[PDB]
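Only one chain is included here, represented as structure tokens and corresponding to the form deposited in one PDB entry.
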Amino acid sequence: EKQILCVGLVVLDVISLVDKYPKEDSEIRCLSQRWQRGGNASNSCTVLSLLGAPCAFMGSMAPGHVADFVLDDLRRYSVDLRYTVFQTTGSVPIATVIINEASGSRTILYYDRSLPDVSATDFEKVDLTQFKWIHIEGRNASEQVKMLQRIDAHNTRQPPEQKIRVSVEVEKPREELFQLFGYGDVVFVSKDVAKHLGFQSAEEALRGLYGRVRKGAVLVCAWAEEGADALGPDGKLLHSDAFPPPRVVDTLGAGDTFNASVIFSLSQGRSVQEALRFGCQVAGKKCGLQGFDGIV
């Protein structure tokens, strides 16, 4: 059966759950601490798996103890490991995450490991007949554009029913990533990217950036407690309010939960308006739980 492919990076999150944000130069006792497999594309596979959609993860990996944890973690979620790109240099990146249970905040201290990125040559090895949807987490944009051109070229030879749907996420405010707006059926732009571009709402960001998307594409922008908006070729702005839980305890991976839920809903043939609502409902539910498991 056709799967959803997620192309991105896997990070190991070292999470410290606290009752208050630590003051500089103090010693605080953690409520709990845990290891969790992170990374945008990687979190989206976890959510797609929990929602019941067969999915695969394509990312760079370096052999060892961290890879054993990560691959074992993916296996627990039946996330297909076929396209794992093993590297001979670098390590899996580690992120230190402070989660403030009282405010719901997540603070990340990121450590780059010098792990080589998935290249266009690595992607050429992917048998595209096995996938109905391919999601690409924007990172090494010049290589990723070649991957997207490979998908576009495959799609020209397929009937409309057999075309692979594509989504791209532009989550970091890096100039190199903005070329990715012109690719994919669904383009996810983060609130962080929108604010760095001068936009003060999801609606402003969509109207201001729609000119950059491919003909027929849907541009999506989640705006935390203000909910999420989308804009398609008909010019109709779509919106869903946020659905915050009674107590916000964990926002780590909330954006990834939203993206996976929108992809899931759209792949099942739901409207963009239904997909936005579903995204907000699942991410909102996630924000009231530690991790992802409790969403189901």
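Here the rigid core means the biggest group of C-alpha atoms that line up within 1.5 Å when the two forms are laid on top of each other. Note that residue numbering begins at 1 and tracks the sequence as displayed.
Engineer: Any chance you could tell me whether 31 to 39 or 255 to 263 drifts more in 8 other deposited structures of this protein, judged by RMS CA distance from this form after superposing on the core?
Structural biologist: With the rigid core superposed, the C-alphas that lie farther in 8 other deposited structures of this protein are those of 31 to 39.
Engineer: Mean C-alpha B-factor higher for 200 to 208, or for 105 to 113?
Structural biologist: Per the PDB entry, the higher value belongs to 105 to 113.
Engineer: Going by the average Cα B-factor in the PDB entry, point out whether 219 to 227 or 114 to 122 comes out higher.
Structural biologist: That would be 114 to 122.
Engineer: Compare the CA B factors listed in the entry for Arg150, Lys191, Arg139, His135 and report the winner.
Structural biologist: Top of the list by C-alpha B-factor: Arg150.
Engineer: Between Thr96, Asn100, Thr156, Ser167, which one tops the list for Cα B-factor in this entry?
Structural biologist: Result of the comparison over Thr96, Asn100, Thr156, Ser167: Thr156.
Engineer: Place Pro244 in the lowest, middle or highest third of its chain's C-alpha B-factors, as listed in the PDB entry.
Structural biologist: For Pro244, whose C-alpha B-factor we compare with every modelled residue in the chain, the answer is the lowest third.
Engineer: Among the chain's modelled residues, which third holds the C-alpha B-factor of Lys195?
Structural biologist: For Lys195, whose C-alpha B-factor we compare with every modelled residue in the chain, the answer is the lowest third.
Engineer: By its CA B factor, does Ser49 count among the lowest, middle or highest third of the modelled residues in the chain?
Structural biologist: Middle third of the chain for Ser49's C-alpha B-factor.
Engineer: Going by the CA temperature factor in the PDB record, which third of the chain does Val282 belong to: lowest, middle or highest?
Structural biologist: Ranked within chain, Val282 CA B lands in the lowest tercile.
Engineer: Within this chain, which third does the Cα B-factor at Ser261 fall in: lowest, middle or highest?
Structural biologist: Lowest third of the chain for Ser261's C-alpha B-factor.
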